[PDB]
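2 protein chains.
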Amino acid sequence: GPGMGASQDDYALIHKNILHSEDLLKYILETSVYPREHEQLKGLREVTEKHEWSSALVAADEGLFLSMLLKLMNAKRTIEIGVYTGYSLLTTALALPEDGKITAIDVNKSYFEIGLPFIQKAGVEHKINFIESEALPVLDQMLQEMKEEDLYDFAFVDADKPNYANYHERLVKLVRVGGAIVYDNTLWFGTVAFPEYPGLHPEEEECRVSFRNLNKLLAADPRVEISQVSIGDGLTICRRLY
Amino acid sequence: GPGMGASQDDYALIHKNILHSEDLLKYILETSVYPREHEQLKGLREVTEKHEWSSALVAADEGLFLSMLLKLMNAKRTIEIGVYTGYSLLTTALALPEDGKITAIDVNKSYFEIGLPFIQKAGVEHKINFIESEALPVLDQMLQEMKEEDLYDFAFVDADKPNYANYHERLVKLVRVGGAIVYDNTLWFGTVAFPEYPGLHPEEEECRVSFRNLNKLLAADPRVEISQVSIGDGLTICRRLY
Ligand SMILES: Nc1ncnc2c1ncn2[C@@H]1O[C@H](CSCC[C@H](N)C(=O)O)[C@@H](O)[C@H]1O
Ligand SMILES: Nc1ncnc2c1ncn2[C@@H]1O[C@H](CSCC[C@H](N)C(=O)O)[C@@H](O)[C@H]1O
Ligand SMILES: [Mg+2]
Ligand SMILES: [Mg+2]
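As structure tokens, this is what we get:
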């Protein structure tokens, strides 16, 4: 409608955690994450923590885990769907080798412009091709243009959660055999464990439903092998088998 | 501990979880783990769940994650410290290529023999060189014989938890540059988040203190990059930089 959309202040889940206690998550961040966090990632996180959609920001411990995965698999060409202010994007660009290439897709370039100065200061702007667009049309055009030699090593999916199953049908063809697709937020604040969950915002309830469907679909999908990981808000790593 | 020491019934922490919802952990297992668990892994887990040291068994969602890491990094030669009934060992042997090789070290061969029939029926016993011994003498001899061309790609450390920092000093020389060292249980039931934690068996208290010291050590160690991951009982992935 012409009015203002829902704000995260209208959401019921934003103060929820999947870990046992706030103290345990704080321990992980202070002990194992902040001492290992790039100065420009720390700056980007601190600005984003103030932003109207801060609850969408990828967790910082999850960021270091994505970095580790990219380095262990020697990824060099990646795609990111859902950029926001650029925390996972800057994480990825810092992790890739100097000639690494990232295709980054978001509908909102104004969000990306918040993180862009941090990306520039980190020296990794040259690795990023930012596409201001809804992701599905971009992915569908890639299916017509891209050749086998151009396939992606790694995909991070963190945009509009109800569309994940649709993204999957494209990305399992756009990531190479043996490549990885990582879907963020697949435990959705712990709500996926319940067939009914009271008092959610309609937009939060739509994601509870879509993630329960997606988690079943990925578990049954013979094109990939999976690992669901209780880090951050949950993520699911998919490895393409054929 | 399972190696030696007090019995499991003497411990306080065995039923505690790092996730705040038992429903959520069951959801992950029922949705994303059991449908993807090898038949022989299922049988080995079911017998081990009845064993007197069942609390030491690696979590099954953690197992799929270790498998994913091994495949994405194209591991071919690995070392395991702490075998118990062999769940992580079988997971690793199933993940590796057909000519992959595992060095498996445990003080108690009788535990390994509980799992061996499942490993044999899975057809991957041939990848495993089991060494019945304390781990520290084995690693010290390996530093005596190890050639650069034979460095391990991957190490899983899951044995006697107070010795991890000692294991680390050898493993950062026995794993290749860019190889991974994974330390299991680094969140120790969540107790690491507290400077004091009443109500623990003395062996459990010793691990709380040792993991608190280890987590600081790894976060400050310039020889590796790290990611601490809140899966299972917590684990820390280390990547050797030089
Ligand atoms: N259909 C769509 N196509 C592309 N981007 C979309 C989209 N729908 C929503 N988005 C974008 O997806 C982003 C999700 S938040 C992304 C978080 C970010 N990856 C981080 O590391 O913090 C938002 O910026 C939103 O604008
Ligand atoms: N000093 C030591 N050297 C080698 N093994 C040891 C050891 N101290 C204890 N252990 C062994 O380490 C094991 C820890 S439990 C290991 C769990 C196993 N990796 C799994 O996947 O389930 C026990 O079997 C114990 O016997
Ligand atoms: Mg997210
Ligand atoms: Mg363990």
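As they're listed, the protein sequences go chains B and A. Note that PDB author numbering gives residue 109 to position 112 of the first sequence, counting from 1, and the numbers run on in steps of one. Note that PDB author numbering gives residue 80 to position 83 of the second sequence, counting from 1, and the numbers run on in steps of one. Ideal placement from N, C-alpha and C gives every residue a C-beta, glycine not left out.
Reduced DSSP secondary structure (H/G/I, E/B, other) of residue i
{"i": "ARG237 of chain A", "result": "strand"}
{"i": "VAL121 of chain A", "result": "coil"}
{"i": "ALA156 of chain B", "result": "coil"}
{"i": "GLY175 of chain A", "result": "strand"}
{"i": "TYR180 of chain B", "result": "strand"}
{"i": "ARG74 of chain B", "result": "strand"}
{"i": "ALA92 of chain B", "result": "helix"}
{"i": "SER51 of chain B", "result": "helix"}
{"i": "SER64 of chain B", "result": "helix"}
{"i": "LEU16 of chain B", "result": "strand"}
{"i": "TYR194 of chain B", "result": "coil"}
{"i": "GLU129 of chain A", "result": "strand"}
{"i": "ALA162 of chain A", "result": "helix"}
{"i": "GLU46 of chain B", "result": "coil"}
{"i": "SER29 of chain B", "result": "helix"}
{"i": "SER4 of chain A", "result": "coil"}
{"i": "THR82 of chain B", "result": "coil"}
{"i": "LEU232 of chain A", "result": "strand"}
{"i": "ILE11 of chain A", "result": "coil"}
{"i": "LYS98 of chain B", "result": "strand"}
{"i": "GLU34 of chain A", "result": "coil"}
{"i": "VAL104 of chain A", "result": "coil"}
{"i": "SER227 of chain A", "result": "coil"}
{"i": "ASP58 of chain A", "result": "helix"}
{"i": "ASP150 of chain A", "result": "strand"}
Whole-angstrom C-beta distance between residue j and residue i, which should lie under 8 angstroms
{"i": "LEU38 of chain B", "j": "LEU87 of chain B", "result": "6 angstroms"}
{"i": "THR75 of chain A", "j": "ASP150 of chain A", "result": "6 angstroms"}
{"i": "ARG33 of chain A", "j": "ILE223 of chain B", "result": "6 angstroms"}
{"i": "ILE125 of chain A", "j": "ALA92 of chain A", "result": "About 13 angstroms separates the two Cβ atoms, so there is no contact after all."}
{"i": "residue 252 of chain A", "j": "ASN210 of chain A", "result": "The shown model of chain A, from -2 to 239, leaves out residue 252 of chain A, and the question about it has no answer."}
{"i": "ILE78 of chain A", "j": "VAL169 of chain A", "result": "Not confirmed; about 14 angstroms, so no contact."}
{"i": "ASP218 of chain A", "j": "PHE191 of chain B", "result": "Contact flag wrong, Cβ pair sits at about 41 angstroms."}
{"i": "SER227 of chain B", "j": "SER227 of chain A", "result": "6 angstroms"}
{"i": "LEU26 of chain B", "j": "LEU197 of chain B", "result": "No, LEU26 of chain B and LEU197 of chain B are not in contact; Cβ-Cβ is about 27 angstroms, not under 8 angstroms."}
{"i": "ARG167 of chain A", "j": "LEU136 of chain A", "result": "4 angstroms"}
{"i": "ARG205 of chain B", "j": "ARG220 of chain B", "result": "The pair is not a contact, with the Cβ atoms about 25 angstroms apart (cut-off 8 angstroms)."}
{"i": "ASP157 of chain A", "j": "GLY0 of chain A", "result": "5 angstroms"}
Ligand 6 heavy atom lying under 6 angstroms from the CB of residue i
{"i": "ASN182 of chain B", "result": "The ligand content of the structure shown is limited to ligand 1, ligand 2, ligand 3 and ligand 4, which means ligand 6 is not among them."}
Indicate whether the contact test is met: 3 or more Cβ pairs, each with one atom in the segment 77 to 92 of chain B and one in the segment 106 to 125 of chain B, closer than 8 angstroms. Look at the beta carbons and you see the segment 77 to 92 of chain B touching the segment 106 to 125 of chain B: at least three pairs across the two are nearer than 8 angstroms.
Does the structure place the segment 168 to 179 of chain A close enough to the segment 1 to 16 of chain B that three or more beta carbon pairs sit under 8 angstroms? As far as the Cβ criterion goes, the segment 1 to 16 of chain B does not touch the segment 168 to 179 of chain A, which means the pair count is below three.
For the structure I just gave you, are there three or more beta carbon pairs, one from the segment 226 to 239 of chain B and one from the segment 178 to 185 of chain B, closer than 8 angstroms? The segment 226 to 239 of chain B is in contact with the segment 178 to 185 of chain B.
Do the segment 121 to 135 of chain B and the segment 48 to 58 of chain B make contact, defined as three or more Cβ pairs closer than 8 angstroms? No: fewer than three Cβ pairs fall under 8 angstroms.
Within 9 angstroms of chain A by C-beta, residues of the segment 217 to 234 of chain B in sequence order: Of all residues in the segment 217 to 234 of chain B, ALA217, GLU222, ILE223, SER224, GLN225, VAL226, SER227, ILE228, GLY229, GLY231, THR233, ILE234 have a Cβ within less than 9 angstroms of some Cβ in chain A.
At a cut of 8 angstroms, does the segment 198 to 212 of chain B reach the segment 13 to 31 of chain B through at least three beta carbon pairs? With a cut-off of 8 angstroms, the segment 13 to 31 of chain B and the segment 198 to 212 of chain B do not count as touching, because too few Cβ pairs lie within range.
Under 8 angstroms: do the segment 13 to 23 of chain B and the segment 186 to 196 of chain B share three or more Cβ pairs, one atom per stretch? Taking a contact to require three or more Cβ pairs closer than 8 angstroms, the segment 13 to 23 of chain B and the segment 186 to 196 of chain B qualify as touching.
Which residues of the segment 168 to 180 of chain B have a Cβ closer than 7 angstroms to any Cβ of chain A? Give them in chain order. Those residues of the segment 168 to 180 of chain B that come within reach of chain A (Cβ to Cβ, closer than 7 angstroms) are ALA177.
Compile a chain-ordered list of the residues in the segment 47 to 64 of chain B whose CB is closer than 8 angstroms to at least one CB of chain A. Listed in sequence order: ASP58, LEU61, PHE62, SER64.
Short of 7 angstroms Cβ to Cβ, which residues in the segment 21 to 39 of chain B face chain A? Per Cβ criterion, the list reads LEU21, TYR24, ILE25, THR28, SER29, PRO32, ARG33.
Compile a chain-ordered list of the residues in the segment 178 to 200 of chain A whose CB is closer than 8 angstroms to at least one CB of chain B. For the segment 178 to 200 of chain A, which is checked against every Cβ of chain B, the residues closer than 8 angstroms are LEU184, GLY187, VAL189, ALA190, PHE191.
Listed from N- to C-terminal order along the chain, which residues in the segment -2 to 19 of chain A have their beta-carbon within a distance smaller than 7 angstroms of any beta-carbon of chain B? If you check each beta-carbon in the segment -2 to 19 of chain A against every beta-carbon of chain B, the ones closer than 7 angstroms belong to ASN14, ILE15, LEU16, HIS17, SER18.
Which residues of the segment 205 to 216 of chain B have a Cβ closer than 9 angstroms to any Cβ of chain A? Give them in chain order. Under the 9 angstroms Cβ criterion, the segment 205 to 216 of chain B contributes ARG209, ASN212, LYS213, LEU215, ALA216.
Taking any Cβ of chain B, which residues in the segment 124 to 141 of chain A have a Cβ under 8 angstroms from it, in chain order? Cβ contacts with chain B: none found.
Tell me which residues of the segment 150 to 167 of chain A have at least one Cβ-Cβ distance to chain B shorter than 7 angstroms, keeping chain order. Cβ contacts with chain B: none found.
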